[PDB]
Structure formats: structure tokens, C-alpha cells
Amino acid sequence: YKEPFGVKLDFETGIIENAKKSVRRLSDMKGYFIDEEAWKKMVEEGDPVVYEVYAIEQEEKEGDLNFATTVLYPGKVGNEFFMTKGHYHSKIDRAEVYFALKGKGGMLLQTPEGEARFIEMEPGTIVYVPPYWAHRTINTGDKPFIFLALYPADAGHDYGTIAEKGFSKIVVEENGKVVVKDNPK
């Protein structure tokens, strides 16, 4: 029997005690943002951190669970909001649940069929990511967007398809938040 345990989540910083920290900067997201120019610039300008993850994962097993907080920093590449890479589950069949804790943003989801959905998120918002849906998180505010994510330990990660094809939509700023089609999709 594995040992149960408790860990403290700081509602202000989004940091989970004893978690495994991962960091993703702009230089780690080449080929994701539409404005390749503005991208290249910002990188040489300082290669700012886009988001950080604090994860506690179990071994890949059916029926088990992993969880992690993400701190998605405010910003835009051109006029495209800072976002996570986005991914499907290796076992695409796996669902996921997100719980927004601080700031504001939204999640962009897409199916293999091609359907695209955008769900706005504010503190208190619980987002249900169904089986087969790829999903990416976007920060539409000027402050850090913090959320907790819980997912099957055997769900796995499939980034390839997204890095290749990309999402059928992009989330940009045009006075307000606009969800429009993605040219290179």
C-alpha cells in the first residue's frame, strides 16, 4: 500500500509544497505563436517565462491520479495571449478537471473531429475536459492566471500532434478578447 499524504497549496502563489517544479519560457515554444517575428524578438529581448508547473505525479497506473498547479504569466506574443503548449492524452480516452484559483483566462479545447470550444475561467471556475479533447490554457489578464489540474495517472501526454497541426483557433486581443481561426492550422 502506498502512503497517503497531504501537501499545502498556497492560494496566492499557486505553489504546491513538495511539488516538482517545471519552467517554460518563450524559447521553449517555437512554432506555437502565430507572430513568428514578435516571438523571435521577445526571445532575444529576454526570453520571458510563460508558465511554471508544480506537479505531484504517481507512476503510470489505471485508476490512479496526478495533480498540479500552473502559474501562467500575463503577456502577449504580438497580440496573442500567453498560453500553455496544449496537448492530448497518450490514452486520448482520459478526461481531466481544472479548478481556477487566481487571475483570469480561459481554456481552448479541440476534438480530433475538429470541433473547437473556448471556456472562460475565473477563480472558482471548474472546467470539465472530456475524453478525446485536446486542451490549452490562456491568460487573458494582466496578472498571473493560476489553476489546479487533476488527471488520470495513466493519461500520458501527446504534444506532437499539436506542435504539428496546431489548434484550429487562436486567442487574441483586439480591444477585447477575440477567438478567431488559426491560419496555419
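Residues carry their position along the shown sequence, with the first being 1.
Engineer: Quick one: say whether 21-29 or 162-170 has the higher mean Cα B-factor in the deposited entry.
Structural biologist: Between 162-170 and 21-29, it is 162-170 that shows the higher mean C-alpha B-factor.
Engineer: Would you tell me which stretch averages the higher CA B-factor in the PDB entry, 96-104 or 72-80?
Structural biologist: The deposited B-factors put 72-80 ahead on the C-alpha mean.
Engineer: Looking at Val50, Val43, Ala149, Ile146, which has the highest Cα B-factor in the entry?
Structural biologist: That would be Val43.
Engineer: Looking at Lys61, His135, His157, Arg117, which has the highest Cα B-factor in the entry?
Structural biologist: Result of the comparison over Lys61, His135, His157, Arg117: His157.
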